[PDB]
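J.: Dropping a structure here in structure tokens format, bear with me for questions.
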Amino acid sequence: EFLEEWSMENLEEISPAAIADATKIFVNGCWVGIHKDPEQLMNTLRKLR
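Residue numbering for the sequence shown follows the deposited numbering, beginning at 543 and increasing consecutively.
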């Protein structure tokens, strides 16, 4: 849930010509989206943990 309100583009609502310069987000094995700013997402997830 938290990833989807933190602006994670899903797999169905995206064009594959905008996936080269984006980070693959996995959760527990399955690929669930991409993201365009992985450091603010990363330390935000850490300070929520």
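For each residue, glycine too, the CB sits at the ideal point set by N, CA and C.
Note down, in chain order, each residue of its chain lying with its Cβ closer than 8 Å to the Cβ of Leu-545, except the 5 sequence neighbours on either side.
T.: Excluding sequence neighbours, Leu-545 sits near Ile-567, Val-569, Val-574 and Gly-575.
J.: Between the Cα of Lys-578 and the Cα atoms of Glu-551, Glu-547 and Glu-543, which residue gives the shortest distance?
T.: Put simply, of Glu-551, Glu-547 and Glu-543 the residue whose alpha carbon is nearest the alpha carbon of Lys-578 is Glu-551.
J.: Go to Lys-589, then tell me how far its alpha helix (DSSP H) extends in each direction, as first and last residue.
T.: 580 to 590
J.: Taking 7 Å as the limit between beta carbons, can you name the residues of its chain near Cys-572, skipping five residues before and five after?
T.: none
J.: In whole angstroms, give me the CA-to-CA distance for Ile-561 and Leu-553.
T.: It is roughly 10 Å from the alpha-carbon of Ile-561 to the alpha-carbon of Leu-553.
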